[PDB]
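Heads up, the chain shows up twice below as structure tokens, two forms, tagged structure 1 and structure 2.
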Structure 1
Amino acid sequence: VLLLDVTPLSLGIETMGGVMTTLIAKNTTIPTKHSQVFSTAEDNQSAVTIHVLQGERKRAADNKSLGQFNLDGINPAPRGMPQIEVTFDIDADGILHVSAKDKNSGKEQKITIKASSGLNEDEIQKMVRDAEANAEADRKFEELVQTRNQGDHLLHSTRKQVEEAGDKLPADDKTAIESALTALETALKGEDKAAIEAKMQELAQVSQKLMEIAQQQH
């Protein structure tokens, strides 16, 4: 072959924290079909938004929006339990089909995105240069979003563990932990990675009795 139809830019979705998560890497030959399974960020979340992105930046807001759609009818569950399969399918014609399926309900929604959508040539080239100009800023954002999500995990898992602990947790421990949880909830609102790590650390330092209780319960 003298030509190869390839994707000029990565294609993916926005995940928690406003980061692009790639489903089809830049320079993939089409036709192609990839899937990954995602979950909910909150207890009892009833719907997710699938926001389809084109580009090479880590920040979702810095990539091109191809469209978005909602999947609802997610059944009441703890965060992280539902399995929402997202598939990106680019056919022989260069049409992208994105679907999200809830593996519990079997409910599914799709967006179809015409071959002509997204960034034109000049934007594509600016994009490839921008990811490269900003590799460091993007790395730092990726590490911040990671820390923030780990903090959110710790926040929510700890609160759950205090509730299952009940009386097993001493008064002093529970005061220390809940002060720390408030401070971490606040730091999760900022963009200061060290501050989040500082509150996580404080929570790790005050929660040792709680962790023992939680481990012993199961």
Structure 2
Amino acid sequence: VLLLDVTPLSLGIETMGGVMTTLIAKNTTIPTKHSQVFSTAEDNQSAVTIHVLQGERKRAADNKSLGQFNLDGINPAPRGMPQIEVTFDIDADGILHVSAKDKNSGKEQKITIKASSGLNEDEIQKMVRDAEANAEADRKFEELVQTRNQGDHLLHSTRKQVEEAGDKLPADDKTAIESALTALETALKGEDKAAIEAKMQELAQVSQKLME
């Protein structure tokens, strides 16, 4: 054949840290369907927001938004525990159906995105050109996000352990841990991966007593 219908850009969802995770790769023939299981980013989350994106960039916001919805009613549980199956299905007419279902609760939400949504031909060519030009920078951004996500988790976990240690944590340890948590929070806002990893290490270095 000399012609066929494709979806012209990758389609996916935003995941923790503001990155795009692809469910359907650019130029996949339609119709097509793909699912992937995700979990929650922080402890006790009862909802997830599904931000549907079209594009090739690793920073979620650099891609085009197709729509968003929340899936609510997840039982609050440790981060990583819920299993939220997200399915993208593009039919032969280009209509994209996205669903998210929490396996434990059975709660499901979905949206239908019309085939005319998303970027036009000129914008599609520009997205592909910009993504190619920024390939290395986007990889470095994904590394930075992986590290911030680890840092953000350590910040929550440590606060949780401080709050659970009560008066069993000596006071001097508490003061050092608090000032380390501040320094880690500050680094997390920056774009320097090594700085975040260093403030993770400095926090670990004052948390030994807390680690019991």
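Superpose the two forms; the largest set of C-alphas matching within 1.5 Å is the rigid core. Numbers follow structure 1, counted from its first residue as 1.
When one rigid part turns against another between structures 1 and 2, the hinge among 144, 195, 99, 80 maps to 144. A rotation of 18 degrees carries the smaller rigid part relative to the larger between structures 1 and 2, according to C-alpha superpositions.
The two forms, fitted on their core, place the C-alpha of residue 175 8.4 Å apart, compared between structures 1 and 2. When the rigid core is fitted, residue 111 shows a C-alpha shift of 1.1 Å between structures 1 and 2. Summarising the core-aligned comparison between structures 1 and 2, the C-alpha atom of residue 61 is found to shift 0.8 Å.
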